[PDB]
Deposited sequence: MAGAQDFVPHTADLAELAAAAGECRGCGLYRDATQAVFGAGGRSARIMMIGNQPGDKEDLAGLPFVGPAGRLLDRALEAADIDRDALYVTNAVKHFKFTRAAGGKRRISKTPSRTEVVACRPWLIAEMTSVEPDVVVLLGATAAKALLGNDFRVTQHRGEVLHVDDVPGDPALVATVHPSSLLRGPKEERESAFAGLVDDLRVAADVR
């Protein structure tokens, strides 16, 4: 009776989960958004990556990480030599939350994050990843609690006992943060993202 939970079907099939998410009304965000954006990859993936929400391009492409942030992330994954076939990539909330200016993303509230978390739990349960990479604060707090700071713990192998399957957890920055800033800072941050991805990839 809470959030998206009744919209989630009793199957681990990612195709069926994604179809069902197309119908979710688990919070208000389905109203203005074009469609739900489910994650992508297969259930044998070892590494799950969780961003914050679909962006402008993702909302219309119907897949996660197709915009500039995805291209930067792809460059980081390549530099970490993580095979893109080992990846299931998704977001903490599945409907683009936005405003327009004369589309701009707006932060999902904790309520929206918790409302949508059943989809994320269904994905984690379906994929059974060895490691979950949390890309930025919103994703991290979904799983690690609303007080958690990515800045104080990024690149640490974490395990919290209330997360299904007890996967290793590695929090890092969201790739969108590495698009706007000074070059030396963007280059320094890029190297830290590669580092955090390598930590996650070396689990097991």
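Gaps in the model relative to the deposited sequence occur at one place only, 103-106.
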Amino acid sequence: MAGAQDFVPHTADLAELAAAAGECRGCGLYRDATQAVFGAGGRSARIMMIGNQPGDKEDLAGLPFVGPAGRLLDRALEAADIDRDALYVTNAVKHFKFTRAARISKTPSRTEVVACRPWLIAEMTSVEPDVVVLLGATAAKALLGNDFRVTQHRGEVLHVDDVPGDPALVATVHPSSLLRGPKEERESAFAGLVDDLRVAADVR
From here on, numbers count along this sequence of modelled residues.
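In this entry, the higher average B-factor at the C-alpha atoms falls on 180-188, of the pair 180-188 and 7-15.
Comparing 18-26 with 189-197, the stretch with the higher mean C-alpha B-factor in the PDB entry is 189-197.
In the deposited coordinates, the residue among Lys141, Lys57, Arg43, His153 with the greatest CA B-factor is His153.
Taking the deposited Cα B-factors for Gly51, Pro164, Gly39, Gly62, the highest one is held by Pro164. In this PDB entry, the Cα temperature factor of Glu123 sits in the bottom third of its chain's modelled residues, the lowest group. For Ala101, the recorded CA B-factor ranks within the highest third of the chain. Only modelled residues enter the ranking. Remark: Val170 belongs to the lowest third of its chain, ranked by C-alpha B-factor as recorded. For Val160, the recorded CA B-factor ranks within the highest third of the chain. Only modelled residues enter the ranking. The entry lists a Cα temperature factor for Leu73 that places it in the middle third of the chain's modelled residues.
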